[PDB]
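Participant: Need a 3D model of the following:
(one chain, ligands or ions: 2)
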Amino acid sequence: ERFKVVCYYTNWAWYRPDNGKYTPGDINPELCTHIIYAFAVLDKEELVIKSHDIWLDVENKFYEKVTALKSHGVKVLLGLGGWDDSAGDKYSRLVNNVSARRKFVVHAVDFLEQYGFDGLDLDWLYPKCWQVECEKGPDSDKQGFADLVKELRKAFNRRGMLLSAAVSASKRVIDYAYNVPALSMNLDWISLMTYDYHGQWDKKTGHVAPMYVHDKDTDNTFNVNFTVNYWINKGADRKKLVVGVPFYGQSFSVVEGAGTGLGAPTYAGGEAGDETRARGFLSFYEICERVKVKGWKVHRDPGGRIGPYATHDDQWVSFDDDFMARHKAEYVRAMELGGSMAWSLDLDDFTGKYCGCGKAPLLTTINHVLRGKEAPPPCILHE
Ligand SMILES: *[C@@H]1O[C@H](CO)[C@@H](O[C@@H]2O[C@H](CO)[C@@H](O[C@H]3O[C@H](CO)[C@@H](O)[C@H](O[C@H]4O[C@H](CO)[C@@H](O)[C@H](O)[C@@H]4O[C@H]4O[C@H](CO)[C@@H](O)[C@H](O)[C@@H]4O[C@H]4O[C@H](CO)[C@@H](O)[C@H](O)[C@@H]4O)[C@@H]3O)[C@H](O)[C@H]2NC(C)=O)[C@H](O)[C@H]1NC(C)=O
Ligand SMILES: CC(=O)N[C@@H]1[C@@H](O)[C@H](O[C@@H]2O[C@H](CO)[C@@H](O[C@@H]3O[C@H](CO)[C@@H](O[C@@H]4O[C@H](CO)[C@@H](O[C@@H]5O[C@H](CO)[C@@H](O)[C@H](O)[C@H]5NC(C)=O)[C@H](O)[C@H]4NC(C)=O)[C@H](O)[C@H]3NC(C)=O)[C@H](O)[C@H]2NC(C)=O)[C@@H](CO)O[C@H]1O
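Facilitator: Numbers count the residues shown, from 1 in each chain. Ligands and ions are numbered 1, 2, ... in the order given. Right below this line is the structure:
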């Protein structure tokens with residue numbers, strides 16, 4: 001009750017080879033206080049919420065099958081947006097027009113109630129910095145988003161619905177996008193997306209979610225600790241801040257002869273995993289498979305500032321393991337924040353067959369720290 005564990009469920013994890021396949025029946029409600037159903041999308045024409053996958057969400061009742069878990073004491077919200085749906089100006093057009101916001105709020109309330117959702121989690125990435133491009137949006141996206149949140153807050157309070165938002169971890173995006181005091185006041189929690197600080201786009205090996213500054217770092221703001229303290233210094237309520245932990249790694253293909261170190265030049269994303277089928281990232285269970293069966297070498301930071309990374313040939317993937325996930329959850333408790341967020345349920349070793357540290361090892365670890373679930377010690381991968 002004191003700490004939230006916000007779990008992102010992704011509907012497209014259904015369209016995955018049997019061993020990676022994740023359905024609403026795979027959710028363990030004991031491991032979440034709040035489930036976010038990712039994603040719904042904004043209709044480009046009407047600027048209202050709509051299903052991104054009618055066949056799954058509606059025809060096969062995946063919306064209702066997830067909101068049905070509220071009988072376990074879990075709150076279930078619909079996530080609107082995500083990275084891919086945040087392309088273009090549709091959300092900016094929405095928040096900069098008073099008539100469109102008003103029609104969005106009225107429709108959103110009934111859309112959510114029609115499927116039994118307890119609320120809405122805003123995942124516009126990002127106000128003003130459309131898909132991280134801060135030159136694209138107007139400076140007024142900041143107030144428009146703030147005003148959309150205020151108007152949703154007042155409309156939701158009369159219905160008992162929850163309102164939250166997933167937000168960037170980048171200092172520069174925060175400055176352009178977020179009225180931090182207004183958002184903290186009007187949102188039930190703020191999910192800091194404290195990951196994807198580094199990836200194939202840097203063209204150098206880096207860690208997906210550094211905890212503290214590392215000496216090889218070029219920028220001392222690209223770490224979880226800065227993001228949290230920055231939101232606090234910008235005026236945020238500690239108890240509203242929810243620290244996101246990635247259940248997946250950023251993978252790279254390193255230029256030949258550049259070594260296996262941090263900051264080694266890369267020419268492409270890593271080879272795709274069998275289940276996630278996406279160059280540039282691997283699920284946690286795919287990383288376990290590579291360490292246990294394929295002999296990938298785990299490299300750790302003795303200073304505890306970043307999680308591990310794994311290597312084989314010119315492949316390189318940085319990720320959070322059980323030890324770093326425990327630390328980030330312990331960091332939330334030590335800092336008295338709102339809780340932890342998991343992206344995403346399906347990228348954890350939810351079956352337990354890959355990592356051999358029980359079912360949902362990463363999520364179990366977080367629940368152990370924040371909610372007192374007795375658990376085994378962290379699993380050592382190298383073993
Ligand atoms: C996450 O991001 C945060 C936000 O930016 C980072 O914030 C920084 O946090 C550090 C905390 O470590 C803070 O540092 C100052 O904290 C207080 C400010 O009021 C000062 O007292 C601190 O001085 C101590 O540390 C200095 C070294 O930096 C040292 O020179 C100074 O003399 C004093 O040393 C004592 O404590 C050391 C640490 O244990 C001992 O090694 C040393 O021997 C001294 O010990 C004696 O005194 C203690 C009481 O003072 C006593 O308890 C002890 O037992 C012994 O008797 C320090 O300057 C920064 O201000 C803060 N930065 C900002 C910008 O806010 C945070 O670091 C980051 N986390 C991580 C993990 O990276
Ligand atoms: C030109 C140039 O070099 N520009 C750089 C710029 O690239 C650097 O900024 C970094 O940009 C990357 C994008 O290029 C940013 O990465 C974003 O990060 C988002 C986090 O805020 C992340 O979205 C959330 O997290 C999930 C995990 O990635 C997302 O899941 C993804 O969902 C998709 C559907 O929408 C799906 O298709 C994907 O498969 C899925 N991926 C996984 C692993 O599951 C999720 O959508 C989203 N969650 C929520 C709740 O909304 C984006 O996914 C990610 N995109 C990409 C393309 O990777 C990164 O944040 C930027 N870094 C920083 C620190 O700001 C910038 C920094 O240097 O430098 C510019 O020069």
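Participant: so who does the residue sitting nearest the centre point of the chain touch?
Facilitator: The structure's the chain has its C-alpha centroid closest to residue 343; by CA atoms, centre = their mean the separation is 3.9 Å. Applying CB atoms under 8 Å, 6 or more residues apart in numbering, we find residue 343 in contact with 8, 193, 195, 244, 245, 246, 247, 248. Yep, even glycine has a C-beta here, placed from its N, CA and C like the rest.
Participant: Dihedrals phi and psi, the fifth one?
Facilitator: In this case it means residue 245. Phi and psi for residue 245, reported as degrees, to the nearest 10, are phi -120, psi 130.
Participant: Then the fourth one?
Facilitator: Backbone torsions of residue 244, given as degrees, to the nearest 10, read phi -80, psi 140.
Participant: what's near enough to touch the closest residue to it other than its chain neighbours?
Facilitator: Leaving aside its sequence neighbours, residue 244 sits nearest to residue 341 (CB to CB, 6 or more residues apart in numbering; 4.0 Å). Residue 341 makes contact with 5, 6, 7, 8, 166, 191, 192, 193, 242, 243, 244, 245 under the criterion CB under 8 Å, 6+ apart.
Participant: repeat for residue 109
Facilitator: 155, 156, 159, 161.
Participant: Verify the assumption that the first one is located in a strand.
Facilitator: Translated: residue 155. No - the assignment for residue 155 by DSSP: H, G, I helix; E, B strand; the rest coil gives helix, which leaves it out of any strand.
Participant: For it, grab the count of nearby residues.
Facilitator: Here the count is done by other CB atoms under 10 Å, and residue 155 has 16 residues near it.
Participant: circling back to that earlier point, and the contacts of residue 343 near ligand 2, which?
Facilitator: The subset of those within reach of ligand 2, counting by CB under 6 Å from any ligand atom, consists of 8, 193, 248.
Participant: Reformat those residues as JSON lines; add secondary structure, neighbour count and distance to ligand 1.
Facilitator: Shown next, in JSON lines, are these (DSSP: H, G, I helix; E, B strand; the rest coil; neighbours: other CB atoms under 10 Å; distance: CB to the nearest ligand atom, whole Å):
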{"residue": "8", "secondary structure": "strand", "neighbour count": "26", "distance to ligand 1": "26"}
{"residue": "193", "secondary structure": "coil", "neighbour count": "23", "distance to ligand 1": "18"}
{"residue": "248", "secondary structure": "strand", "neighbour count": "27", "distance to ligand 1": "24"}
